Amino acid sequence: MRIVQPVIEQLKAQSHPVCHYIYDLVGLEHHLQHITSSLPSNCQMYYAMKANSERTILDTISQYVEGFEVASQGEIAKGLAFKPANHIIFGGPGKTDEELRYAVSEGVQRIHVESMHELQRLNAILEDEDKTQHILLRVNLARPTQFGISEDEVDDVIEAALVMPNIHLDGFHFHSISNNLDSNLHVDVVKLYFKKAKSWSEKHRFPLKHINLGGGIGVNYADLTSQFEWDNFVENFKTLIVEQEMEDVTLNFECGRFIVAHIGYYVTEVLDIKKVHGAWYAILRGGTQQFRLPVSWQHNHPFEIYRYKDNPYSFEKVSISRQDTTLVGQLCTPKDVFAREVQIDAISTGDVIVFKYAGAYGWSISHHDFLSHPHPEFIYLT
Amino acid sequence: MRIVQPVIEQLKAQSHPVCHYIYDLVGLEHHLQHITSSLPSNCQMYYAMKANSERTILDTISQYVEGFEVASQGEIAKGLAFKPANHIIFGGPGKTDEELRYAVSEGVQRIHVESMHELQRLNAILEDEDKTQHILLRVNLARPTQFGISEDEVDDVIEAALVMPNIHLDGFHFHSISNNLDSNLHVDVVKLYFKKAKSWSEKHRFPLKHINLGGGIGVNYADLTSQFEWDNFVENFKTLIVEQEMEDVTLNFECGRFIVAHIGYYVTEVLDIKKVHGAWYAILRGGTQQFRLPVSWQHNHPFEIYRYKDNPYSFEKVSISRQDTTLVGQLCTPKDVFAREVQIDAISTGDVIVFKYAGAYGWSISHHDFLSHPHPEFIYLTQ
């Protein structure tokens with residue numbers, strides 16, 4: 001509450017309705033400084049902007065990271081606002097000819113190639129433009145997903161890439177795991193990546209210049225006090241690099257969620273409180289079309305309650321105490337739920353709900369214009 | 001395929017990439033003509049624009065329907081571009097003071113009030129503005145949802161409404177059913193609405209002027225030949241009106257899905273075909289952030305395949321036949337799935353997938369700018 005309370009107090013004092021994203025840019029800077037300085041000299045941090053690509057966020061982040069990871073022409077353009085093309089890396093399973101030509105034209109650092117067909121399409125553009133391109137091969141190690149090259153197929157794609165004079169094969173890209181909260185398990189996964197990369201390098205005798213170790217550094221939305229043990233991970237990661245003799249290989253991570261989640265808040269006023277067939281609901285300004293994370297992940301999103309002491313109406317507020325309460329937005333769908341049957345100690349109409357850990361995949365994944373509501377306002381604290 | 005094929009052919013001949021919403025406005029007009037002309041004189045159709053509020057769609061629809069049902073200030077503003085305020089009806093569980101003041105200022109036809117607190121906030125605005133407003137009370141008949149007034153609380157809100165001189169209580173709004181494909185069940189639900197409205201009207205001694213019977217007329221995405229039997233519904237609905245003596249009560253429906261679903265298509269080219277740990281995937285241009293319906297509803301969306309014979313590259317296409325295949329978009333999440341493990345007769349890179357029945361809750365529910373991809377192009381067919 002400490003960070004958002006002065007903002008909420010000022011909005012209330014100015015008779016300004018509360019439906020806002022609030023971002024702590026000071027906390028973001030401190031978090032980034034800590035993460036990036038802890039890394040060994042051969043390892044780089046790229047920000048995966050899919051988590052949050054708001055211009056002010058990218059402006060702030062750009063100083064502290066090696067570059068941006070992007071997955072479309074639009075993200076390339078957003079990244080180029082603050083980084084040279086040579087510090088943008090481009091992944092994704094469906095890169096169009098238009099996107100590939102744009103990437104090559106601008107001079108993107110690496111393309112993370114996901115198939116033989118993509119390699120051939122990229123190569124045709126390079127031959128046409130008379131340019132060269134550094135790539136990684138994205139590997140899907142042995143569940144079935146659409147991403148990367150199936151482990152069994154990687155040898156053939158390596159061989160193809162090596163004989164294409166316009167392609168420079170730097171190494172491999174692994175992004176297998178999502179939202180891992182276990183730092184020791186993460187070290188064991190990186191070890192697997194190292195061994196697979198070295199085995200392919202040794203089999204095909206090409207220099208292992210670079211490995212992209214992906215993201216998947218998790219955030220805990222169920223228990224906010226039990227986050228990824230980054231310092232533990234980094235110490236053991238450093239040891240692993242020495243044990244596996246990877247000091248002369250450049251490494252990068254591509255993190256989104258872990259960089260921006262905890263510095264964002266979605267704050268919204270209570271419009272109505274009602275009981276329907278025994279179940280209590282609180283209806284909030286905005287909705288899950290502005291903050292879809294709880295619906296997408298099917299969880300009760302963490303929040304606190306700002307208890308507002310004044311009353312703008314001549315009739316009493318609606319208040320409840322110590323009820324299972326379902327928090328919903330303004331939308332006309334029963335799917336518009338931030339939290340279902342959660343304990344609320346006290347809540348009244350006019351109070352403000354402060355949703356925490358809203359900085360990553362909050363606004364970015366949301367169906368902003370469903371039902372044509374005005375967008376929330378954005379406040380960036382410096 | 002007859003409707004979209006000439007559009008796809010033109011795009012291919014012009015070397016334009018295929019990632020489009022295509023709408024058959026002629027089909028839409030014929031559908032609306034049929035629906036609106038079939039209804040009895042005391043019943044009107046309103047279009048619930050949340051299903052699809054594209055301006056060209058609204059313009060076309062406005063020629064046939066009585067009006068628009070809206071649920072936000074943005075939808076009011078869109079509605080007003082194509083209808084006067086006195087043919088716009090405004091519902092939703094969280095109407096802000098700003099929205100209520102806007103609606104009152106413009107003179108919307110009805111506000112469908114969903115709680116005692118909303119009634120009090122609306123009344124405070126009306127007293128401040130020296131204006132009056134016709135309302136319905138939205139009722140949640142005895143599952144818990146956030147919508148409307150719980151049945152056992154309706155008596156108290158009626159009495160509060162009748163005592164407020166700035167409020168004109170016209171009657172009731174019921175919208176409790178969702179995607180119903182059974183026409184006879186739908187008649188039985190309307191029967192229940194009629195009896196409840198009459199009981200409250202008689203108990204509280206005010207004239208029942210109007211009932212909003214809601215939407216929830218379904219569309220079948222699993223079996224496209226088995227749609228809602230509208231003519232059967234209307235015939236029995238007309239009989240029910242006479243049977244229940246509702247001829248002097250005005251009625252409306254507020255349908256979205258049923259009006260626009262079948263006349264929209266989401267069309268996209270195949271960018272890649274790959275096998276990963278035994279499973280085949282076709283990667284399409286665009287994604288479920290442009291057409292989220294298959295993901296939201298967790299189904300395999302109906303589609304057809306248009307084959308393109310030409311090869312624009314100097315290297316070979318990827319071609320497969322008779323494989324169970326998962327169709328995905330360009331996004332970086334394993335959730336970006338249009339259809340899972342569906343048998344495909346034959347498909348190559350460069351071919352086009354035509355997703356049918358994409359007109360309702362297609363673009364309107366989608367997270368358009370996630371990963372910052374260019375929007376699809378929109379084509380509206382008038383011939």
Side-chain angles (χ1 to χ4, degrees), chain A residues 92-101 103-104 111 113-129 133 135 137-138 140 144-150 152-161 163-164 166-167, chain B residues 1 4 7-9 11-13 15-20 266-274 276 278-287 303-308 311-330 336 338-339 341-355:
Chain A
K95 300 185 196 73
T96 68
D97 286 351
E98 292 71 26
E99 290 179 311
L100 293 173
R101 196 175 292 279
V104 167
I111 301 175
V113 172
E114 295 211 18
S115 77
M116 183 71 84
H117 199 63
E118 186 198 335
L119 182 65
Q120 293 188 279
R121 286 190 300 114
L122 171 58
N123 189 56
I125 291 158
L126 294 166
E127 285 179 355
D128 191 53
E129 295 283 358
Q133 182 66 55
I135 69 166
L137 295 179
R138 185 176 181 179
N140 193 317
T145 68
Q146 65 265 46
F147 301 108
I149 304 157
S150 199
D152 48 290
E153 186 171 351
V154 174
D155 291 312
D156 289 336
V157 186
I158 288 164
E159 285 296 312
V163 300
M164 285 170 176
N166 297 70
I167 295 288
Chain B
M1 274 279 186
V4 302
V7 183
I8 295 164
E9 286 182 20
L11 292 163
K12 286 290 197 175
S15 304
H16 294 150
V18 184
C19 178
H20 287 70
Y266 179 68
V267 181
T268 174
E269 67 188 34
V270 180
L271 297 168
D272 207 348
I273 294 169
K274 60 162 67 165
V276 182
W280 284 103
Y281 288 88
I283 289 70
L284 311 183
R285 205 173 187 117
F303 67 94
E304 285 190 36
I305 304 162
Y306 169 87
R307 182 178 307 159
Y308 187 58
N311 185 1
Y313 306 114
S314 65
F315 49 84
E316 284 292 2
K317 299 200 265 200
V318 182
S319 297
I320 61 178
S321 82
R322 292 93 190 178
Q323 299 295 340
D324 289 342
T325 313
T326 295
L327 306 182
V328 304
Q330 294 174 265
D336 187 25
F338 299 104
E341 297 171 340
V342 295
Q343 172 70 7
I344 284 174
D345 57 2
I347 193 182
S348 302
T349 49
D351 291 347
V352 174
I353 306 297
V354 174
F355 292 100

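These numbers come from the heavy atoms of this one structure, side chains and all, not from hydrogens, waters or symmetry mates. Every chain is numbered from 1, with letters handed out A, B, ... down the list of sequences.
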Backbone of A:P93 reached by a side-chain donor or acceptor of B:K274 within 3.5 Å: no
Just by distance, do the side chain of B:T326 and the backbone of B:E341 share a donor-acceptor pair under 3.5 Å? yes
Side-chain heavy-atom pair A:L119, A:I135 within 4.5 angstrom cut-off: yes
By salt bridge (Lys or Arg N to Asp or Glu O under 4.0 Å) - contacts of A:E98 (at least two apart): B:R285
Quick check: do B:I347 and B:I353 have side-chain heavy atoms less than 4.5 Å from each other? yes
Evaluate the side-chain proximity of B:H20 to B:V7: yes if any heavy-atom separation is below 4.5 Å, no if none is. no
Which residues satisfy the salt bridge (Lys or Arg N to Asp or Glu O under 4.0 Å) test with A:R101, sequence neighbours excluded? A:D128, A:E129
Check whether B:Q330 reaches the backbone of B:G286 with its side chain - one donor and one acceptor, N or O, closer than 3.5 Å. yes
Determine whether B:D272 and A:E114 make a side-chain contact, defined as any pair of heavy atoms from C-beta on separated by less than 4.5 Å. no
Are the side chains of A:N123 and A:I167 in contact, using a 4.5 Å heavy-atom criterion? yes
Can you see which heavy atom on A:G92 is nearest to which on A:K95, and at what distance? O-NZ, 2.8 Å
Checking B:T349 side chain against B:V318 main chain: does a donor-acceptor pair fall under 3.5 Å? yes
Does B:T268 reach the side chain of B:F355, with side-chain heavy atoms less than 4.5 Å apart? yes
Applying side chain to side chain donor-acceptor pair (under 3.5 Å) to A:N166 and not counting sequence neighbours gives none
OG (A:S115) and CZ (A:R138) are apart, to the nearest 0.5 Å, by 12.0 Å
Which heavy-atom pair separates A:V113 from A:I149 by the least distance, and what is that distance? O-CD1, 4.0 Å
Side-chain donor/acceptor of B:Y308 to backbone N/O of B:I8, under 3.5 Å: no
Kindly give the heavy-atom pair with the smallest separation between B:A339 and B:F303, and that separation in Å. CB-CE2, 4.5 Å
Closest approach of A:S150 and A:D152, non-hydrogen atoms and distance? OG-OD1, 2.8 Å
Using the six-membered ring wherever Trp is involved, compare the ring planes of B:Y313 and A:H117 and label them parallel, tilted or perpendicular (cut-offs 30° and 60°). perpendicular
Interatomic distance, CD1@B:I273 vs CG@B:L327, rounded to 0.5 Å, equals 9.5 Å
Do B:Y306 and B:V4 make a side-chain contact, defined as non-hydrogen atoms from C-beta onward lying under 4.5 Å apart? no
Nearest atoms (heavy-atom pairs only) where B:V270 meets B:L284: CG2-CD2, 3.7 Å
So which of A:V104, A:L100, A:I125 actually passes side-chain contact (heavy atoms from CB on, under 4.5 Å) with A:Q133? A:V104
Any donor and acceptor pair, going by atom type alone, linking the side chain of A:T96 with main-chain N or O of A:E99 inside 3.5 Å? yes
Determine whether B:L271 and B:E269 make a side-chain contact, defined as any pair of heavy atoms from C-beta on separated by less than 4.5 Å. yes
Measure across A:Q146 and B:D336 and return the closest heavy-atom pair with its distance rounded to 0.1 Å. NE2-O, 4.1 Å
Is A:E127 atom CD crowded by more than 12 heavy atoms from other residues, nucleotides or ligands, each under 6.0 Å away? yes
Dump the intermediate steps for side-chain contact (heavy atoms from CB on, under 4.5 Å) on B:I320 and B:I344, then the final yes or no. CA-CA 9 Å; B:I320 61 178; B:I344 284 174; 5.7 Å; no
